[PDB]
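> Enclosed are the sequence and the experimentally obtained structure.
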Amino acid sequence: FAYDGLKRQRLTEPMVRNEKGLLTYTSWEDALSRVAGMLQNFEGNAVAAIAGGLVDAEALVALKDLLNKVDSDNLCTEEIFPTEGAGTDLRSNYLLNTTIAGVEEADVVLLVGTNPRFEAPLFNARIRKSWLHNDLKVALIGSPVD
Amino acid sequence: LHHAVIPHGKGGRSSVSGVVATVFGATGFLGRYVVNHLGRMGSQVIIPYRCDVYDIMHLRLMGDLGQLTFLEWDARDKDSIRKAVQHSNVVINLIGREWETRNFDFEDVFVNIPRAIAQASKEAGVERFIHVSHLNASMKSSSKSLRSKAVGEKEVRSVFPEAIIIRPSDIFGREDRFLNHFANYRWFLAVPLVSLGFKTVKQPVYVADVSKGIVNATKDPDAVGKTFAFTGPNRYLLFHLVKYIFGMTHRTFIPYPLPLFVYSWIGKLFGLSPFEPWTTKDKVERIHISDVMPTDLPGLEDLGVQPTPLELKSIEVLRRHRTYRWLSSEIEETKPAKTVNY
Amino acid sequence: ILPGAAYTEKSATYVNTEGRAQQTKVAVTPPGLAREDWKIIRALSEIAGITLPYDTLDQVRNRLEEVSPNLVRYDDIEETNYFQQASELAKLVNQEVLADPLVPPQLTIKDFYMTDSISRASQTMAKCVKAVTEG
Amino acid sequence: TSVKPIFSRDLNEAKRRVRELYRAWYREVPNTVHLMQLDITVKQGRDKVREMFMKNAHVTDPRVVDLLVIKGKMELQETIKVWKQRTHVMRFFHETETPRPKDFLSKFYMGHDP
Amino acid sequence: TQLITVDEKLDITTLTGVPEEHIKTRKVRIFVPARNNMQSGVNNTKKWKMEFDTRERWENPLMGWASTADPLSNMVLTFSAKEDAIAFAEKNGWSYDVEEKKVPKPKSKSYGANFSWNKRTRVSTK
Amino acid sequence: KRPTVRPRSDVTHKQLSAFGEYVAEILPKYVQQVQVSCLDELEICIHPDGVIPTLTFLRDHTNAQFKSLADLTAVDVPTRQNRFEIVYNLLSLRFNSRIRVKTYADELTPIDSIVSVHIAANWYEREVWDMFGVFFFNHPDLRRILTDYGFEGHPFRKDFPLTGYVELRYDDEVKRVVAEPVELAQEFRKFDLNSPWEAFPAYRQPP
Amino acid sequence: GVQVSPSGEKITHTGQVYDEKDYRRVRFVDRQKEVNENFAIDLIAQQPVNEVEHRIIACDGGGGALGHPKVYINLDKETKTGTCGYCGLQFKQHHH
Amino acid sequence: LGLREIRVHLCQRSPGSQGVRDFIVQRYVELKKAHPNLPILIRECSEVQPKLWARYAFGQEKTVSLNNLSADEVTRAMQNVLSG
Ligand SMILES: NC(=O)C1=CN([C@@H]2O[C@H](COP(=O)(O)OP(=O)(O)OC[C@H]3O[C@@H](n4cnc5c(N)ncnc54)[C@H](OP(=O)(O)O)[C@@H]3O)[C@@H](O)[C@H]2O)C=CC1
Ligand SMILES: [Zn+2]
């Protein structure tokens, strides 16, 4: 039902600031030239990028390659994962290694700091399917929810 | 950009270009090519016409449905212009004429009309105004048309300082008055030229290149407020040009010299025609006026056009004049024209 | 501001909590002068003195394979079996928990309908919130 | 790897046929720029012939080559005879098709097409 | 007229009048169309389909209709198997990304489970 | 007896089946998968090497005088490796019976012409060539028949778009009719109409 | 009704009108914009509620085979009024 | 030098990549203790030839195969990368 947002508050044209500091409409050539100049005059640790959540791997890798070619590695996300320890060096540390279909084989499940209902429903729906058929026993370290 | 002006498509008859043009003078030799090149890439063309609706048919097909919007106007009525430029983002004044009328003077078409069009385009929010002056235009020329044209571009720029002014040379095409004229002299069995054609230089350009240049200046952001000189790649002497003409026409070329003080009288006589005259004193003086040298002015190669030499596009104009004996004769049979630098 | 594309407007690889790379497909084109993001960035590079090698999408995905080859195995999940080492390593940080009761941000459904921009720009999700909060 | 041959049991005989066809076209171009009153030279026509021939230079299967030669002979017939007018001949030159650039960046500025 | 040794991969592009554009710049999709969840019919989940990449569609200024410069916008071909589609694509010179067929998994089902003494299958909605 | 259904007679079925056995055992070298339909129609499928012999036998033989070539068609089935199903529908005035002969071809697998048998096939084979791309042998004048004089493609191939790749118009610049890539003001609307519920269980394809 | 916009263009019953800055209004220069002045919504609002003494009423429109398919409308909710889905006629339970 | 990342590619069940898994389990821990702030990425896939991508400053990447080695060749290649 949130496909109605793709029809509203959309960016359809490249914008840029005018002398007054207001956002005006311009071309691709002009804006990309501005950005290319600013990028030319900067180098590592003064450039930085940030991803938002609806981004695709292609844009991520392209921006990483760009920033790398200008020596920056401050590529960051908005979501906080701890690099303390193994961090992103190992996928085992930031994945669902017991894949969603693994909740059907499980006997006990322990939820920590999650409301999987509002956060990943289909996962909560799978947990309920198991709770129904395979007599799964759930536990939760967190705030009490339904 | 307004949501309905964003260009969409591949640049075809049914695509969108983002161009909403008002072309004054579309019913002429050059306006038809301009409108063709505009409706070919999917732009809206507003074509104000004073003529009969039977003389816009050749235009009615060179644009997809709704891309061409016709309008009845009058140069004297100023509202007739506001209603036309009321919605455009470009205006292209091609208005001109090679002779004066009972009701219009060179001044009227070359100075006042452009000036009013420019006033209205400025007052109406237009971003671009393309004006078409002449290359040889000057406030010190023997011809009256060129003086008037220079005055007109001065006024257009004093009323619309960001006005793209385009200054072409003698244009040649199918429906022209330059190559067809130099071919139709034959009806008088000989070619009268001043100084025997020498001392005069001509740098003519194909009309399709001019139309491409206009249509590209419509959306070229480095061209605002600039002047251009649309000229062909090769310069010729009137003698060799007309000889090459009669070569493509395969007619007999009998040139003889003629001073200008009697050729202009001939032109006056011919201009007394209440219909479209075959020649005029001003057309005479416009001929035999040498061609200015590029003199640093920007041009077609700066708009994005590679000029087409006359030796490739002359036969499609001059095969209509040949006889059955010479129709099929190829292009290579004619010896090309001498090129000069001067 | 460089207007990009949405998930209904481009082809893109998105990876889920498991590592299952899944590809989107184009149903619509971006509005107005909006464009694919990697396209924007490659054009940006070309305009600068930089120039990224890839001009197409297959090349971008070959680059993906280079960096991480789990991003191209579509609909597949790759086993990973190196937790012992990560634990040996992470048993050496001297930080302790704060004892604050860790609670989730989405505590009820009125905190569920609007979480990203596509949702905050939806009149329908607003109708939903206005129904739930009212009763 | 075993199939039936149309005419040529190898690429060399197909090349012989292709050369015969090239000769025919090279000899015909002048007669049809004369007859059809085309407004081009004789060199442009032969350059266009060579370009249309190279357009399919990459082929290696003799059957594809044989069928291409058949199509070329069909067209050469349609042209030797005046069954086709100057319109269909000048279709080859694409005098009006705005030439799309091969520059990634221009293709980026105009449209979403790759 | 005996046999001949071709010993190469088939290529039909030069005989199909298809422009360089719509052969080099086209990504075909090969797949078994997914069941429509508004219906419980499974008869359109049998034959393999071939669908092309989607391209621009812009409103026509006059009326407001959808326009295209994509001839293959509505091209759909039907095959009985996956290898047939892959062969057709290779032959015609297209690039393809295949998608395996999704068959539902067999499911244990019992009407007694709805009535149980100790399990949670016990339903309260008869 | 029922007024909506169609009266069905088995006598014609038997006649055509017996004649099919006749043809099959008199031309074993070429015949494949003879078959007869619920509606009374005989279909004889063959190897293309047998085209001329089969058609000549069916024209000249005494118990088979199919000497009028009604139609000659092709059918693109991109699934099978040999797409084009060439069809020869024939008629016997002596027996007031029809028959259909079918072969198979490919983009690069031509067959032989039958103008030596039925002169009616000149234009039909030209049409097959123009529409599907099948090439015939020993054809007197094999050229295009229906398409434009410089048309690229074979439009009846399922892989060919209904609207084509080009589009014509008149350009005042060149003063000629020119061909430009297609661009439509309204795009053809593809309607998915197939019902998802099996409709004829007699034609069910076992998995 | 047919209300006009700041540009003078009339707003159709669909709520459609061109913005003052829209170039697409040249098609209406020296010409007119065809609108239907009889808005069906206002008209069907001007019609009255047909009371009935039965809890379930049918509506074929009028003329039988000249109207719309016969639908049956429930009229239990005394606050609301039942509206045909084809026509816009309203019905109310007289005795509630 | 200007080294920024080390990313290891390998398989989970294959002989050629057997040297990389042993290397990992035995020494990745110690090596990541020595260099704590240096990304050392392991993205194991299926039917992938094992490689070691070392990308230095200004986006310039190297690649040295590791097909059918022991853990010691892997260690020597990795330390050669580190040192430079
Ligand atoms: N050799 C050439 O063609 C050259 C042309 N130019 C410039 O190019 C422009 C056009 O050239 P060309 O097209 O050949 O000229 P044309 O005479 O071929 O057509 C000119 C246009 O001017 C319009 N026009 C003239 N006077 C009036 C008027 N009083 N009221 C309304 N409309 C009027 C005509 O409309 P209608 O015909 O319906 O009255 C006609 O469409 C001119 O401005 C000229 O200076 C520059 C250099 C050389
Ligand atoms: Zn009703």
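Okay, I see it. Numbering: from 1, shown residues only, chains lettered A, B, ... in the order given. Ligands and ions are numbered 1, 2, ... in the order given.
> Do stretch B:270-290 and ligand 1 come into contact?
No. For a cut-off given as Cβ under 6 Å from any ligand atom, stretch B:270-290 has no contacts with ligand 1; the smallest distance is 8.4 Å. Just so you know, the C-beta spots here come from the backbone N, C-alpha and C atoms, and that holds for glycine as well.
> is residue F:179 in a bridge, and if so with what?
residue F:168 (DSSP bridges).
> So it is in contact with residue D:91, correct?
Yes. Applying Cβ atoms under 8 Å as the test, residue F:179 and residue D:91 come out as touching, 5.2 Å apart.
> Contact residues of chain E facing chain D?
E:1, E:3-8, E:10-12, E:14-15, E:21, E:25, E:55-56 (Cβ under 8 Å from any Cβ of the partner chain).
> Now with 7 Å, please.
E:1, E:3-8, E:11, E:14-15, E:25, E:55-56 (Cβ under 7 Å from any Cβ of the partner chain).
> Weed out the non-buried ones from those.
E:4, E:6, E:11, E:14-15, E:55-56 (16 or more other Cβ atoms under 10 Å in any protein chain shown).
> Tell me which of those fall in strands.
Those of these mapping onto strands are residue E:4, per DSSP state E.
> between the buried ones among the residues of chain E next to chain D, which is nearest ligand 2?
Among these, residue E:56 lies closest to ligand 2 (Cβ to the ion), at 43.0 Å.
> can you give me phi and psi for the closest one?
phi -60, psi 150 (degrees, to the nearest 10).
> OK, contacts around it?
By Cβ atoms under 7 Å, 6 or more residues apart in numbering or on different chains, the contact list for residue E:56 reads B:8-9, C:29, D:111-112.
> Serialize the residues you listed to TSV and add fields for neighbour count, distance to residue G:82 and secondary structure.
Shown next, in TSV, are the contacts of residue E:56 (neighbours: other Cβ atoms under 10 Å in any protein chain shown; distance: Cβ to Cβ, whole Å; DSSP: H, G, I helix; E, B strand; the rest coil):
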residue	neighbour count	distance to residue G:82	secondary structure
B:8	23	46	coil
B:9	22	49	coil
C:29	22	45	coil
D:111	22	53	coil
D:112	20	50	coil
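> quick one: is stretch B:325-335 near chain D?
Yes. Judged by Cβ under 7 Å from any Cβ, stretch B:325-335 and chain D are in contact via B:327-328, B:330-332.
> Leaving out the residues flanking it, which one is nearest to the residue in chain F that chain B sits nearest to?
Using Cβ to the nearest Cβ, residue F:183 is the residue of chain F that sits closest to chain B, at 3.6 Å. Of all residues not flanking residue F:183 in the chain, residue B:12 sits nearest, at 3.6 Å (Cβ to Cβ, 6 or more residues apart in numbering or on different chains).
> The residue of chain H most remote from its centre: what's it in contact with?
What lies farthest from the middle of chain H is residue H:58; by Cα atoms, centre = their mean that is 20.3 Å. Contacts for residue H:58 (Cβ under 7 Å, 6+ apart) come out as A:69, A:71.
> From residue A:69, how far off is it?
6 Å (Cβ to Cβ, to the nearest Å).
> What of residue A:57?
Residue A:57 is 18 Å from residue A:69, by Cβ to Cβ.
> quick one, phi/psi of the closest residue to ligand 1 within chain C?
Relative to ligand 1, the nearest point of chain C is residue C:33 (34.3 Å; Cβ to the nearest ligand atom). The phi/psi pair for residue C:33 (degrees, to the nearest 10) reads phi -100, psi 20.
> Nearest residue to it in space, please, no chain neighbours.
Using Cβ to Cβ, 6+ apart, the closest residue to residue C:33 is residue A:13 (5.3 Å).
> Next: residue B:32.
Nearest to residue B:32 is residue F:172, by Cβ to Cβ, 6+ apart, at 5.8 Å.
> repeat for residue A:30
Using Cβ to Cβ, 6+ apart, the nearest residue to residue A:30 is residue A:16, at 6.6 Å.
> quick one: secondary structure of that neighbour?
Here residue A:16 is recorded as strand under DSSP: H, G, I helix; E, B strand; the rest coil.
> Go ahead and confirm it touches residue A:24.
Yes. Between residue A:16 and residue A:24 a contact is recorded at 6.3 Å, counting by Cβ atoms under 7 Å.
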